[PDB]
Amino acid sequence: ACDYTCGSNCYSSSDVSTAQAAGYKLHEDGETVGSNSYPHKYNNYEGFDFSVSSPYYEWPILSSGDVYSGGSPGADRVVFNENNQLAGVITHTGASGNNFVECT
Ligand SMILES: Nc1nc2c(ncn2[C@@H]2O[C@H](CO)[C@@H](O)[C@H]2OP(=O)(O)O)c(=O)[nH]1
Ligand SMILES: [Ca+2]
């Protein structure tokens with residue numbers, strides 16, 4: 001069964017921790033990757049009720065199970081905070097425009 005389901009994409013806990021670790025390292029190093037400069041701040045415009053404190057950052061999680069290294073980041077993101085705590089897994093799939101919904 002999937003720990004998070006983002007549309008048709010199925011992720012386990014280990015998928016999320018792996019993506020999160022890569023993103024947090026770049027954030028700590030003050031480095032970014034990709035044309036959209038990930039990781040970057042996640043403003044929470046959607047008003048998600050995350051159980052950890054802001055500020056939050058987002059980083060792509062990819063269904064191929066590879067770590068994001070540039071190119072298209074697809075629809076799915078992990079959202080982590082300054083303490084490297086996971087806030088949530090969110091996706092553009094199933095939401096209008098460039099909005100997000102949470103993966104379930
Ligand atoms: N919808 C949304 N986009 C955000 C937020 N914070 C930053 N962004 C970035 O702003 C772009 C314009 O909304 C979004 O598509 C998203 O980039 P990503 O595609 O990199 O996730 C947020 O809280 N909500
Ligand atoms: Ca996997």
Side-chain angles (χ1 to χ4, degrees):
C2 303
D3 295 308
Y4 298 89
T5 301
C6 296
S8 81
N9 283 346
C10 179
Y11 298 113
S12 66
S13 284
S14 60
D15 291 328
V16 177
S17 303
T18 294
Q20 181 185 159
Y24 187 68
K25 181 85 171 178
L26 285 163
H27 165 67
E28 289 215 313
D29 289 346
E31 275 174 3
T32 72
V33 48
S35 290
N36 303 336
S37 296
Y38 296 107
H40 64 249
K41 193 136 235 176
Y42 175 67
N43 290 301
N44 202 13
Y45 292 133
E46 272 73 19
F48 292 120
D49 221 310
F50 295 138
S51 86
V52 298
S53 44
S54 58
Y56 302 121
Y57 299 94
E58 49 174 297
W59 169 261
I61 181 165
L62 296 177
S63 61
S64 66
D66 280 359
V67 161
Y68 182 73
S69 62
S72 170
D76 303 332
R77 304 289 181 262
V78 292
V79 178
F80 55 89
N81 78 359
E82 198 62 54
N83 306 144
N84 200 205
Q85 293 181 287
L86 169 81
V89 190
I90 53 162
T91 183
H92 289 307
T93 298
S96 50
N98 291 128
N99 298 135
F100 283 109
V101 294
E102 276 186 279
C103 302
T104 45

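Residue indices begin at 1 and follow the sequence shown. Whatever order the structure lists ligands and atoms in, that order sets their numbers, starting from 1. Heavy-atom basis, side chains included; hydrogens, waters and symmetry copies ignored.
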### Nearest candidate to atom 18 (P) of ligand 1, where distance is taken over non-hydrogen atoms, out of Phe48, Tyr38, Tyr42
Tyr38

### Task
I would like to know whether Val16 and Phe80 meet side chain to side chain contact (heavy atoms under 4.5 Å, CB included); could you show each step before the answer?
CA-CA 10 Å; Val16 177; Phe80 55 89; over 6 Å; no

### Message
Need the ligand 1 atom indices (1-based, order shown) with element for anything under 4.0 Å from a heavy-atom of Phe100.
### Response
1 (N), 2 (C), 3 (N), 21 (O), 24 (N)

### Message
Within the 4.0 Å heavy-atom shell around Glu46, which atoms of ligand 1 are there?
### Response
1 (N), 2 (C), 22 (C), 23 (O), 24 (N)

### Query
Are there more than 12 heavy atoms of other residues, nucleotides or ligands under 6.0 Å from atom CG of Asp29?
yes

### Task
Mark up the atoms of ligand 1 that fall under 4.0 Å of a heavy atom belonging to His92, in ascending order.
15 (O), 19 (O), 21 (O)

### Query
Mind checking whether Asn98 has an N or O less than 3.5 Å away from an N or O of ligand 1?
yes

### Partner of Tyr11 under side chain to side chain donor-acceptor pair (under 3.5 Å), chosen from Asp3, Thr18, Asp76
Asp76

### Message
Please check this pair: side chain of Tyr24 against backbone of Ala19, looking for a donor-acceptor N/O pair closer than 3.5 Å.
### Response
no

### Message
Taking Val79 as the starting point, is it possible to reach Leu26 by hopping between hydrophobic residues whose side chains are less than 4.5 Å apart?
### Response
no

### Query
Rounded to the nearest 0.5 Å, what separation is found between the CG atom of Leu86 and the OG atom of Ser17?
7.5 Å

#### Entry: Distance-only N or O hit between ligand 1 and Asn43, under 3.5 Å
yes

#### Entry: Protein contact of atom 8 (N) of ligand 1 - nearest heavy atom, named by residue and atom, plus distance
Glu58 OE2, 3.7 Å

### Message
Distance under 4.0 Å to a non-hydrogen atom of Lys41: what atoms of ligand 1 satisfy this?
### Response
6 (N), 7 (C)

### Task
For atom 10 (O) of ligand 1, decide whether some protein heavy-atom distance is shorter than 4.0 Å.
no

### Task
Could you point out which residue of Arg77, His27, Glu58 forms a side chain to side chain donor-acceptor pair (under 3.5 Å) with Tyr38?
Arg77

#### Entry: Where ligand 1 meets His40 - atom numbers and elements under 4.0 angstrom, heavy-atom basis
17 (O), 20 (O)

### Protein heavy atom under 4.0 Å of atom 2 (C) of ligand 1
yes

### Query
Relative to the ring of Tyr42, is the ring of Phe50 parallel (under 30°), tilted (30 to 60°) or perpendicular (over 60°)?
tilted

